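No hydrogens, no waters, no symmetry mates; every other heavy atom, side chains included, goes into these values. Per chain, numbering begins at 1; letters A, B, ... match sequence-line order.
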Amino acid sequence: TXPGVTXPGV
Amino acid sequence: XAXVXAXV
DNA sequence: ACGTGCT
DNA sequence: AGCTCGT
Ligand SMILES: *C(=O)c1cnc2ccccc2n1
Ligand SMILES: *C(=O)c1cnc2ccccc2n1
Ligand SMILES: [Cl-]
Ligand SMILES: [Zn+2]
Ligand SMILES: [Zn+2]
Ligand SMILES: [Zn+2]
């Protein structure tokens, strides 16, 4: 996720 | 994550 | 027939 | 630790 907590996605 | 039909 | 991208 | 689709 995020970043943080990429995306999703990418 | 892959994009081979969707590309998410 | 395929896994992706930093805080 | 933290998630997501179909051409
Ligand atoms: C990207 O690596 C990726 C991996 N698995 C998935 C499953 C379902 C929908 C999208 C997905 N994307
Ligand atoms: C793209 O739509 C797509 C659909 N089905 C798949 C099955 C297995 C690998 C890649 C695929 N890509
Ligand atoms: Cl599926
Ligand atoms: Zn998979
Ligand atoms: Zn870690
Ligand atoms: Zn499917």
Under a cut-off of 3.5 Å for both distances of each Watson-Crick or G-U pair, what dot-bracket string does DNA chain C give, using [ ] for crossing pairs and | for inter-strand pairs? |||.|||
Nearest to the [X] side chain among [options], which nucleotide is it?
| X | options | result |
| --- | --- | --- |
| B/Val4 | C/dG5, C/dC2, D/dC5 | C/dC2 |
| A/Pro3 | C/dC2, D/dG2, D/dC3 | D/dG2 |
| B/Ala2 | C/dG3, D/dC5, D/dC3 | C/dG3 |

What interatomic distance, in whole Å, is found between P of C/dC2 and the corresponding atom of D/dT4? 23 Å
